Structure formats: structure tokens, C-alpha cells
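**Student:** This is final.json, which holds JSON, C-alpha atoms:
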```json
[["chain", "number", "residue", "atom", "x", "y", "z"],
["A", 136, "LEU", "CA", 154.97, 111.60, 118.42],
["A", 137, "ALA", "CA", 155.29, 115.15, 117.14],
["A", 138, "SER", "CA", 153.00, 117.98, 118.19],
["A", 139, "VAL", "CA", 154.70, 120.10, 115.56],
["A", 140, "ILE", "CA", 155.63, 119.75, 111.90],
["A", 141, "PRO", "CA", 159.14, 120.38, 110.57],
["A", 142, "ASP", "CA", 157.81, 121.66, 107.26],
["A", 143, "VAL", "CA", 154.51, 122.08, 105.46],
["A", 144, "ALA", "CA", 155.71, 119.21, 103.30],
["A", 145, "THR", "CA", 154.79, 116.96, 106.20],
["A", 146, "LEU", "CA", 151.65, 118.95, 106.88],
["A", 147, "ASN", "CA", 150.29, 118.42, 103.39],
["A", 148, "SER", "CA", 151.09, 114.78, 104.01],
["A", 149, "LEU", "CA", 149.19, 114.51, 107.28],
["A", 150, "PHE", "CA", 146.21, 115.67, 105.24],
["A", 151, "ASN", "CA", 147.05, 113.47, 102.28],
["A", 152, "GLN", "CA", 146.44, 110.58, 104.65],
["A", 153, "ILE", "CA", 143.40, 111.93, 106.44],
["A", 154, "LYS", "CA", 142.08, 112.42, 102.93],
["A", 155, "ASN", "CA", 142.75, 108.78, 102.14],
["A", 156, "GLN", "CA", 140.07, 108.17, 104.75],
["A", 157, "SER", "CA", 137.56, 110.07, 102.66],
["A", 158, "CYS", "CA", 134.40, 108.02, 102.31],
["A", 159, "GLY", "CA", 134.32, 106.33, 98.93],
["A", 160, "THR", "CA", 137.99, 105.40, 98.83],
["A", 161, "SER", "CA", 139.27, 101.84, 98.88],
["A", 162, "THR", "CA", 141.83, 102.79, 101.51],
["A", 163, "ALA", "CA", 139.37, 104.48, 103.84],
["A", 164, "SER", "CA", 138.78, 102.86, 107.20],
["A", 165, "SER", "CA", 135.36, 101.89, 108.52],
["A", 166, "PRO", "CA", 133.31, 103.52, 109.38],
["A", 167, "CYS", "CA", 134.97, 106.10, 107.16],
["A", 168, "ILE", "CA", 134.38, 109.82, 107.50],
["A", 169, "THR", "CA", 131.24, 111.05, 105.78],
["A", 170, "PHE", "CA", 132.62, 114.06, 103.95],
["A", 171, "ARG", "CA", 130.07, 113.86, 101.16],
["A", 172, "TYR", "CA", 127.49, 114.55, 103.84],
["A", 173, "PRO", "CA", 128.42, 117.92, 105.37],
["A", 174, "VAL", "CA", 125.89, 118.80, 108.04],
["A", 175, "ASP", "CA", 127.01, 118.43, 111.64],
["A", 176, "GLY", "CA", 129.67, 115.74, 111.57],
["A", 177, "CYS", "CA", 132.73, 117.87, 112.27],
["A", 178, "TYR", "CA", 134.24, 116.57, 115.48],
["A", 179, "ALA", "CA", 133.57, 112.91, 114.77],
["A", 180, "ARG", "CA", 135.87, 112.87, 111.77],
["A", 181, "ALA", "CA", 138.29, 115.10, 113.65],
["A", 182, "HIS", "CA", 138.90, 112.35, 116.17],
["A", 183, "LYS", "CA", 139.54, 110.14, 113.17],
["A", 184, "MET", "CA", 141.90, 112.50, 111.39],
["A", 185, "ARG", "CA", 143.93, 112.43, 114.58],
["A", 186, "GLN", "CA", 144.35, 108.67, 114.35],
["A", 187, "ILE", "CA", 145.64, 109.23, 110.84],
["A", 188, "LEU", "CA", 148.04, 111.84, 112.15],
["A", 189, "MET", "CA", 149.48, 109.40, 114.66],
["A", 190, "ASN", "CA", 150.20, 107.06, 111.77],
["A", 191, "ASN", "CA", 152.54, 109.62, 110.25],
["A", 192, "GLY", "CA", 153.83, 110.37, 113.73],
["A", 193, "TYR", "CA", 152.29, 113.68, 114.73],
["A", 194, "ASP", "CA", 149.88, 114.78, 117.43],
["A", 195, "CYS", "CA", 147.36, 117.42, 116.44],
["A", 196, "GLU", "CA", 144.95, 119.42, 118.55],
["A", 197, "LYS", "CA", 141.26, 120.28, 118.57],
["A", 198, "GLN", "CA", 139.55, 123.62, 118.09],
["A", 199, "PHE", "CA", 135.93, 124.48, 118.78],
["A", 200, "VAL", "CA", 134.56, 127.74, 117.43],
["A", 201, "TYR", "CA", 131.16, 129.23, 118.18],
["A", 202, "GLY", "CA", 128.88, 131.62, 116.34],
["A", 203, "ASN", "CA", 127.08, 131.73, 113.01],
["A", 204, "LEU", "CA", 128.96, 129.32, 110.77],
["A", 205, "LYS", "CA", 127.47, 129.39, 107.30],
["A", 206, "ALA", "CA", 128.73, 127.75, 104.13],
["A", 207, "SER", "CA", 127.86, 126.99, 100.52],
["A", 208, "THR", "CA", 128.39, 123.82, 98.52],
["A", 209, "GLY", "CA", 126.68, 125.14, 95.41],
["A", 210, "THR", "CA", 123.95, 122.56, 95.86],
["A", 211, "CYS", "CA", 122.98, 123.45, 99.41],
["A", 212, "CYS", "CA", 124.09, 125.76, 102.19],
["A", 213, "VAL", "CA", 124.89, 124.80, 105.76],
["A", 214, "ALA", "CA", 124.73, 126.67, 109.05],
["A", 215, "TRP", "CA", 126.29, 125.74, 112.37],
["A", 216, "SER", "CA", 126.33, 127.71, 115.60],
["A", 217, "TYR", "CA", 129.69, 126.10, 116.27],
["A", 218, "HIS", "CA", 132.27, 124.18, 114.27],
["A", 219, "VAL", "CA", 135.20, 121.98, 115.23],
["A", 220, "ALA", "CA", 138.45, 121.17, 113.47],
["A", 221, "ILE", "CA", 141.97, 119.97, 114.17],
["A", 222, "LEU", "CA", 144.62, 122.49, 115.13],
["A", 223, "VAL", "CA", 147.86, 121.41, 113.50],
["A", 224, "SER", "CA", 151.24, 122.97, 114.20],
["A", 225, "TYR", "CA", 153.79, 123.24, 111.41],
["A", 226, "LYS", "CA", 157.01, 125.19, 111.04],
["A", 227, "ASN", "CA", 156.70, 128.11, 108.66],
["A", 228, "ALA", "CA", 159.29, 129.17, 106.11],
["A", 229, "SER", "CA", 161.15, 130.78, 108.99],
["A", 230, "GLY", "CA", 160.94, 127.81, 111.32],
["A", 231, "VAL", "CA", 158.13, 129.16, 113.48],
["A", 232, "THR", "CA", 155.44, 126.99, 115.02],
["A", 233, "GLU", "CA", 152.29, 128.10, 113.24],
["A", 234, "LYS", "CA", 148.75, 126.77, 113.16],
["A", 235, "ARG", "CA", 146.83, 125.13, 110.34],
["A", 236, "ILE", "CA", 143.48, 123.48, 109.72],
["A", 237, "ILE", "CA", 143.24, 120.02, 108.21],
["A", 238, "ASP", "CA", 139.46, 120.01, 107.97],
["A", 239, "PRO", "CA", 138.28, 119.08, 104.47],
["A", 240, "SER", "CA", 134.81, 119.99, 105.67],
["A", 241, "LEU", "CA", 135.61, 123.41, 104.26],
["A", 242, "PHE", "CA", 138.88, 123.13, 102.38],
["A", 243, "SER", "CA", 139.34, 119.85, 100.53],
["A", 244, "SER", "CA", 142.01, 121.34, 98.30],
["A", 245, "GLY", "CA", 144.36, 121.73, 101.24],
["A", 246, "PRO", "CA", 144.88, 123.10, 104.76],
["A", 247, "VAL", "CA", 144.27, 126.69, 105.80],
["A", 248, "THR", "CA", 145.12, 129.04, 108.64],
["A", 249, "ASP", "CA", 142.96, 128.55, 111.70],
["A", 250, "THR", "CA", 141.77, 132.00, 110.73],
["A", 251, "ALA", "CA", 140.86, 131.42, 107.10],
["A", 252, "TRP", "CA", 139.28, 128.25, 108.44],
["A", 253, "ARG", "CA", 136.87, 130.07, 110.72],
["A", 254, "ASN", "CA", 136.11, 132.32, 107.77],
["A", 255, "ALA", "CA", 135.18, 129.34, 105.63],
["A", 256, "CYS", "CA", 132.88, 128.52, 108.53],
["A", 257, "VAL", "CA", 131.50, 132.04, 108.67],
["A", 258, "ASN", "CA", 131.27, 132.04, 104.90],
["A", 259, "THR", "CA", 128.71, 134.78, 104.34],
["A", 260, "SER", "CA", 128.33, 133.30, 100.88],
["A", 261, "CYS", "CA", 125.07, 132.03, 102.33],
["A", 262, "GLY", "CA", 124.34, 135.18, 104.30],
["A", 263, "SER", "CA", 125.05, 136.29, 107.84],
["A", 264, "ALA", "CA", 127.99, 134.67, 109.60],
["A", 265, "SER", "CA", 130.45, 135.46, 112.36],
["A", 266, "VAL", "CA", 132.61, 133.84, 115.01],
["A", 267, "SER", "CA", 131.42, 134.47, 118.55],
["A", 268, "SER", "CA", 134.42, 132.80, 120.13],
["A", 269, "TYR", "CA", 137.02, 130.08, 119.72],
["A", 270, "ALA", "CA", 139.20, 127.76, 121.76],
["A", 271, "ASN", "CA", 141.66, 124.91, 121.36],
["A", 272, "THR", "CA", 142.14, 121.62, 123.17],
["A", 273, "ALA", "CA", 144.16, 118.42, 123.19],
["A", 274, "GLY", "CA", 144.03, 116.24, 120.10],
["A", 275, "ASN", "CA", 142.86, 113.17, 121.99],
["A", 276, "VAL", "CA", 139.96, 115.26, 123.25],
["A", 277, "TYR", "CA", 137.22, 113.72, 121.14],
["A", 278, "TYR", "CA", 134.65, 116.41, 121.84],
["A", 279, "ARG", "CA", 134.68, 119.68, 123.73],
["A", 280, "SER", "CA", 131.90, 121.40, 125.64],
["A", 281, "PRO", "CA", 131.20, 125.09, 126.31],
["A", 282, "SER", "CA", 131.37, 124.19, 129.98],
["A", 283, "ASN", "CA", 135.08, 123.52, 129.72],
["A", 284, "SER", "CA", 134.53, 119.78, 129.50],
["A", 285, "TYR", "CA", 136.53, 117.42, 127.32],
["A", 286, "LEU", "CA", 135.72, 113.91, 126.16],
["A", 287, "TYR", "CA", 137.75, 110.97, 124.92],
["A", 288, "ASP", "CA", 136.70, 108.11, 122.67],
["A", 289, "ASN", "CA", 139.49, 105.57, 122.43],
["A", 290, "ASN", "CA", 136.99, 103.12, 121.01],
["A", 291, "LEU", "CA", 135.42, 105.73, 118.77],
["A", 292, "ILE", "CA", 132.07, 104.46, 119.99],
["A", 293, "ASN", "CA", 130.57, 107.92, 119.62],
["A", 294, "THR", "CA", 132.60, 108.66, 116.52],
["A", 295, "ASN", "CA", 132.52, 105.50, 114.44],
["A", 296, "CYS", "CA", 128.88, 105.40, 115.49],
["A", 297, "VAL", "CA", 128.24, 108.95, 114.37],
["A", 298, "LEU", "CA", 129.69, 107.99, 111.01],
["A", 299, "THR", "CA", 128.02, 104.61, 110.74],
["A", 300, "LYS", "CA", 124.86, 106.62, 111.23],
["A", 301, "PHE", "CA", 125.54, 108.88, 108.27],
["A", 302, "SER", "CA", 127.05, 106.03, 106.29],
["A", 303, "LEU", "CA", 124.40, 106.18, 103.60],
["A", 304, "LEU", "CA", 123.74, 109.82, 104.37],
["A", 305, "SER", "CA", 124.80, 112.14, 101.57],
["A", 306, "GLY", "CA", 124.53, 115.85, 100.89],
["A", 307, "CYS", "CA", 123.42, 118.55, 103.30],
["A", 308, "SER", "CA", 120.43, 116.38, 104.11],
["A", 309, "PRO", "CA", 119.03, 115.23, 106.19],
["A", 310, "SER", "CA", 119.93, 118.30, 108.20],
["A", 311, "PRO", "CA", 120.59, 118.57, 110.87],
["A", 312, "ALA", "CA", 121.95, 115.11, 111.57],
["A", 313, "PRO", "CA", 119.50, 112.52, 112.91],
["A", 314, "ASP", "CA", 119.51, 110.90, 116.33],
["A", 315, "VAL", "CA", 122.69, 109.08, 117.30],
["A", 316, "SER", "CA", 121.69, 108.26, 120.85],
["A", 317, "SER", "CA", 122.38, 104.66, 119.93],
["A", 318, "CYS", "CA", 125.98, 105.73, 120.41],
["A", 319, "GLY", "CA", 127.68, 106.04, 123.78],
["A", 320, "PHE", "CA", 131.37, 106.44, 124.50]]
```
Represent the supplied structure as C-alpha cells.

**Tutor:**
Amino acid sequence: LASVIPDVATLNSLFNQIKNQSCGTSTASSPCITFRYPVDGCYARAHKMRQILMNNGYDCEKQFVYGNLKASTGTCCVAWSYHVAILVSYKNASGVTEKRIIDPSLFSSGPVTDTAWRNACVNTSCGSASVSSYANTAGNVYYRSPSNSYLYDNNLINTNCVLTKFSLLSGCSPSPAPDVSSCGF
């Protein structure tokens, strides 16, 4: 694998694939990632995106940020007290290991600096927003807790389930996400 990218060229690719998973595509897995239903599902997909990364041959990381995370879709706004994305490492134009975000939950056009990412999360476009704190973790780490606890869903029982739940779900509603207790890694 590769925990670092040689050039953005590859980075854009990693995303190009993860994007191919976008719900609605004919090349998207199942359950695909519900991107058309931005509400809570942030980590779920993440775990997925990772699987897509492995395909290309690159290991990404996770990043959980806390605080007021607002956003605007033009049709509805969203607010999360904590977001989660995938911390990707790609060589800059100088050959330096930088960080990037491959979360289309904010930037579907392309990746963005872990910083700009958080911003998109704290998008005041809706109103108040700010990042209380942030941290990174292993890519495999399905979900992270504020207690310094990491999870791992190799069967994506909590992920694929989370999606399957919001399979028909679309838009910022229902928000927040419903009950997914039926799941269980």
C-alpha cells in the first residue's frame, strides 16, 4: 500500500474512484454512499472511501473534528457538533508530504486542505460555526470516539448498514439521521 501520494495526479484519482461510489452511479457498490443525503453520515462513507483507496493502492487516514459544523446546500443547511473525513497524504509541488481531504460531503468538485475542509464544516454561511478541536487516526479505524477509542468494521456491518438505512433517504432530511441500532459491528 501507500500511505502517501507521489503527486496530486494520483490524489485526484483516489477521489475519482471514491466518487465512482457516489450513490446513483452504475459503478457504485452496495450499499453505496448516500451523498445526496447529507445529514450525519460522514464516517460511514469514510470507511468506504478507504476501501476505494486500497483499490488504487493507497492507505488514507481518518480525522474527527469537533465543534459547530454548519453548512449550506442552498436547499437546506446542516449542523454537526463534529465531522469526520479522510486524511490523505500527497506530495506537494516540492515533494513534501501534505494533507488533503477527500470528503465530497463538503467539496464534491475536488479535495481540499484539511484546513479548508474544517472551514467548509464551520461554514458560517448558515450562521455560527467553529472548530473546537481536531484529531487524526488510522484509516482502518472505522469510527473514533472522544474517549480515545477507535473502531474497526471489516464487514462494514455498521457502515453498509448505516447506508442501507439512508438508502432511500435524500436531502438534509430526515435530520438528524434515524435509528440504526439494527446495525452492529

**Student:** Restricting the calculation to all atoms listed in the file, which member of A:286, A:136, A:315, A:143 is positioned closest to residue 226 of chain A?

**Tutor:** A:143

**Student:** Hey, what's within 12 Å of residue 275 of chain A if we count all atoms listed in the file and toss same-chain stuff fewer than 3 positions away? As a PyMOL selection string, please?

**Tutor:** chain A and resi 138+178-179+181-186+188-189+193-198+221-222+271-272+278-279+285-291

**Student:** Show which residues sit within 12 Å of residue 231 of chain A, as a list in words. Count all atoms listed in the file, and ignore same-chain residues fewer than 3 positions away.

**Tutor:**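 Using all atoms listed in the file, the neighbours found are residues 139, 140, 141, 142, 143, 224, 225, 226, 227, 228 and 234 of chain A.
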
**Student:** Which is closer to residue 210 of chain A than all the others in A:166, A:313, A:281, A:173, using all atoms listed in the file?

**Tutor:** A:173

**Student:** Counting all atoms listed in the file, which of A:216, A:190, A:254, A:156 gets nearest to residue 203 of chain A?

**Tutor:** A:216

**Student:** Could you name the residues that touch residue 265 of chain A at 7 Å or less, counting all atoms listed in the file, but leaving out those on the same chain fewer than 4 positions away, as a ChimeraX atom specification?

**Tutor:** /A:202-204,257

**Student:** Residues at most 9 Å from residue 170 of chain A, counting all atoms listed in the file, excluding those fewer than 4 positions away in the same chain, as a PyMOL selection string?

**Tutor:** chain A and resi 157-158+176+180+239-240+305-306

**Student:** Quick check, in Å to one decimal: how far apart do atom CA of residue 256 of chain A and atom CA of residue 270 of chain A lie?

**Tutor:**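 A separation of 14.7 Å between them.
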
**Student:** Counting all atoms listed in the file, what is within 9 Å of residue 310 of chain A, bar same-chain residues fewer than 6 positions away, as a VMD selection string?

**Tutor:** chain A and resid 173 to 175 213

**Student:** In Å, rounded to a single decimal, give me how far atom CA of residue 167 of chain A is from atom CA of residue 255 of chain A.

**Tutor:**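 Atom CA of residue 255 of chain A sits 23.3 Å away from atom CA of residue 167 of chain A.
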
**Student:** So which one's closest to residue 154 of chain A, A:260, A:248, A:243, A:169? Using only C-alpha atoms, please.

**Tutor:**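 Of A:260, A:248, A:243, A:169, the one nearest residue 154 of chain A, counting only C-alpha atoms, is A:243.
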
**Student:** Determine the nearest neighbour of residue 274 of chain A from the options A:153, A:220, A:292, A:200, counting all atoms listed in the file.

**Tutor:** A:220

**Student:** Mind pulling up the distance from atom CA of residue 233 of chain A to atom CA of residue 294 of chain A?

**Tutor:**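 Atom-to-atom, atom CA of residue 294 of chain A and atom CA of residue 233 of chain A are spaced 27.9 Å apart.
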
**Student:** Which one of A:318, A:261, A:177, A:266 sits closest to residue 296 of chain A if you count all atoms listed in the file?

**Tutor:**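 Selected residue with least distance to residue 296 of chain A: A:318.
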
**Student:** Give me the box for segment 218-231 of chain A as AutoDock Vina command-line options, namely the centre and edge lengths in Å to one decimal of a box along x, y and z that holds every listed atom plus 8 Å on each side.

**Tutor:**
```
--center_x 146.7 --center_y 125.4 --center_z 110.7 --size_x 44.9 --size_y 26.8 --size_z 25.1
```
